[PDB]
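**Q**
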Amino acid sequence: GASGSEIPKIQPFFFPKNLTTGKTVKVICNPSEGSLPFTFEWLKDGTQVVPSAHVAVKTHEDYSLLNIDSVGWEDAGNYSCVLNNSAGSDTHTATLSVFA
Amino acid sequence: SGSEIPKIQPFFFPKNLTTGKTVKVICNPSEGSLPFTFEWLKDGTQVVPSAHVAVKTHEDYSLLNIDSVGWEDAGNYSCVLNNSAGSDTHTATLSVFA
Ligand code: NA
Ligand code: NA
Ligand code: NA
Ligand code: NA
Ligand code: NA
Ligand code: NA
Ligand code: NA
Ligand code: NA
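Here the protein sequences line up with chains A and B, keeping their order.
Heads up: the first sequence at position 19 corresponds to 14 in the authors' numbering, and the numbers run straight through without jumps.
Heads up: the second sequence at position 6 corresponds to 3 in the authors' numbering, and the numbers run straight through without jumps.
(1) Which bits of chain A does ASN25 of chain B rub up against, with CB to CB less than 8 Å?
(2) Can you list the residues of chain B that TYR74 of chain A reaches, using a CB-CB cut of under 9 Å?
(3) Report the residue from B:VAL22, B:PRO26, B:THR19 whose alpha carbon sits nearest the alpha carbon of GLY17 of chain A.
(4) If you measure from the beta carbon of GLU1 of chain A to each beta carbon in chain B, is any gap under 8 Å?
(5) Can you give the Cα-Cα distance for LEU31 of chain A and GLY83 of chain B, rounded to whole angstroms?
(6) Closer than 7 Å by beta-carbon distance: list the chain A residues that pair up with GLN6 of chain B, in chain order.
(7) Assess, as a yes-or-no matter, whether the segment 44 to 59 of chain A is touched by the segment 0 to 8 of chain B under the definition of 3 or more beta carbon pairs within less than 8 Å.
(8) Are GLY67 of chain A and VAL93 of chain A close, meaning C-beta to C-beta below 8 Å?
(9) Do you know how far the Cα of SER59 of chain B is from the Cα of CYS76 of chain A?
(10) Does the CB of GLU28 of chain A have a neighbour CB from chain B at under 8 Å?
(11) Would you say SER75 of chain A touches ligand 5, meaning its beta carbon is less than 7 Å from a heavy atom?
(12) Excluding five sequence neighbours on each side, which residues of the same chain lie with their C-beta closer than 8 Å to the C-beta of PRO46 of chain A?
(13) Can you find the residues in the same chain that come closer than 8 Å, C-beta to C-beta, to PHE10 of chain A, ignoring five residues on each side of it along the sequence?
(14) Please report the Cβ distance between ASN79 of chain B and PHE33 of chain B, rounded to the nearest whole angstrom; I am assuming they are in contact, meaning their Cβ atoms lie under 8 Å.
(15) May I ask which residues mark the beginning and end of the beta strand (DSSP E) holding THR90 of chain A?
(16) Taking 6 Å as the limit, name every residue whose beta carbon sits nearer than that to some heavy atom of ligand 7, in sequence order.
(17) Can you tell me whether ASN25 of chain A sits near ligand 8, meaning its C-beta is under 7 Å from at least one heavy atom of the ligand?
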């Protein structure tokens, strides 16, 4: 029937604060509001995240999971999720710090 | 090897929850040996899934999803993370503006 077209709104996500070398960290990007369907994009410090042996992105219909194993200093930085549907887009950026 | 005790990555609920929002939180280890099992509690009692409350557990994380959150969903949610070597629990408060 009538299809509501609602701009998406990202649920704010943040990284843990005393993360030390070698640990695993996960964050989720998901809408709190918005019409289906959703697309997700992850950025790190100005470029799209590239999956690797220790970095993985797993995207579902209504959320996307960023996983980093064996964190090191190179994994520190600002990670952004860009969320879109057919009505609009939203973005959230979270800073990851990695300590010795 | 394979006997590293689990430790949950601290999780928290958003601070902007209004009635009707979808909310998701994940429980996952920052350390610990695979395989894991997960349990969710609400105010000390295991979560009962329903039409608008879903628990989806994967190999290395568990997802709590609440559609159309309301005042009745407010409470203290615990994730219990288990493996062969031990157990950890983390609890976070879900608050809803009304
Ligand atoms: Na956090
Ligand atoms: Na998280
Ligand atoms: Na992932
Ligand atoms: Na760094
Ligand atoms: Na940035
Ligand atoms: Na976009
Ligand atoms: Na109880
Ligand atoms: Na799910």
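C-beta atoms are modelled at their ideal positions from N, C-alpha and C, and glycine is treated no differently.
**A** In short:
(1) Position 28 of the second sequence, counted from the start, is the residue given in the question as residue 25 of chain B. Against chain A, a Cβ distance below 8 Å from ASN25 of chain B picks out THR19, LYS21.
(2) In the first sequence, residue 74 of chain A corresponds to position 79, counting from 1. Going along chain B, no residue has its Cβ under 9 Å from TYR74 of chain A, so there is no contact; the nearest lies around 15 Å.
(3) If you number the first sequence from 1, residue 17 of chain A lands on position 22. For the residues B:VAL22, B:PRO26, B:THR19, the minimum Cα distance to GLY17 of chain A belongs to B:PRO26.
(4) As a first step, residue 1 of chain A is located in the first sequence; it is residue number 6 there, counting from the start. It does not; no Cβ of chain B falls within 8 Å.
(5) As a working mapping, residue 31 of chain A is identified with position 36 in the first sequence. As a working mapping, residue 83 of chain B is identified with position 86 in the second sequence. Distance between the alpha carbons of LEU31 of chain A and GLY83 of chain B is about 40 Å.
(6) As a working mapping, residue 6 of chain B is identified with position 9 in the second sequence. Residues of chain A passing the Cβ test: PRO11, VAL20, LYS21.
(7) The segment 0 to 8 of chain B, when compared against the segment 44 to 59 of chain A, does not touch it at the 8 Å Cβ threshold.
(8) Here residue 67 of chain A refers to the residue found at position 72 when the first sequence is read from its first residue. Here residue 93 of chain A refers to the residue found at position 98 when the first sequence is read from its first residue. Yes, these two residues count as a Cβ contact at 8 Å.
(9) Here residue 76 of chain A is taken as the residue at index 81 of the first sequence, counted from 1. Here residue 59 of chain B is taken as the residue at index 62 of the second sequence, counted from 1. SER59 of chain B has its alpha-carbon roughly 20 Å from the corresponding atom of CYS76 of chain A.
(10) Along the first sequence, one-based indexing puts residue 28 of chain A at 33. It does; some Cβ of chain B falls within 8 Å.
(11) For the purposes of this step, residue 75 of chain A is taken as the residue at position 80 of the first sequence. At least one heavy atom of ligand 5 is nearer than 7 Å to the Cβ of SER75 of chain A, so yes.
(12) Here residue 46 of chain A corresponds to residue number 51 of the first sequence, with the count starting at 1. Closer than 8 Å at Cβ, skipping near neighbours: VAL52.
(13) Locating residue 10 of chain A in the first sequence gives position 15, where the first residue counts as 1. Taken in chain order, the residues that qualify are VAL20, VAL22, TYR74, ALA89, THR90, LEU91, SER92.
(14) One-based indexing of the second sequence puts residue 79 of chain B at position 82. One-based indexing of the second sequence puts residue 33 of chain B at position 36. Confirmed, about 7 Å.
(15) As a working mapping, residue 90 of chain A is identified with position 95 in the first sequence. If you look at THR90 of chain A, you'll find it in the beta strand (DSSP E) that goes 84 to 91.
(16) B:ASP40, B:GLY41, B:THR42
(17) For the purposes of this step, residue 25 of chain A is taken as residue 30 along the first sequence, with counting starting at 1. Every heavy atom of ligand 8 is 7 Å or more from the Cβ of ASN25 of chain A, so no.
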